[PDB]
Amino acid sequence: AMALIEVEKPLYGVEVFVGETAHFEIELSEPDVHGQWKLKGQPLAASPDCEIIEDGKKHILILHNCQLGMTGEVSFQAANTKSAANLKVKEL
């Protein structure tokens, strides 16, 4: 009988101008848990411009060269644990 994984620090919303970078972070209740990030409900492919990072209880997503079409919900799920927040891309 083991505890389900929980979100200790949820995702916060990010604002970013076109071409700049957005960073998201979430902290889980326990280290080394596997999860998956989505943007506007579509799973993210890792790329030079989309970097998926894990370090202990922390999960980080780095989105470089953000574009207007990217505005919408960023979400993360690792088993039971789920969090979501808004990404707003602005022009100047």
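So that there is no doubt, residue numbering starts at 1 and follows the sequence shown.
Sort the modelled residues of the chain by CA B factor and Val18 lands in the lowest third. The deposited CA B-factor of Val33 belongs to the middle third of values across its chain.
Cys50 sits in the highest third of its chain by CA B factor, as recorded in the PDB entry.
Annotation for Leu39: C-alpha temperature factor in the highest third relative to the rest of the modelled chain, per the entry.
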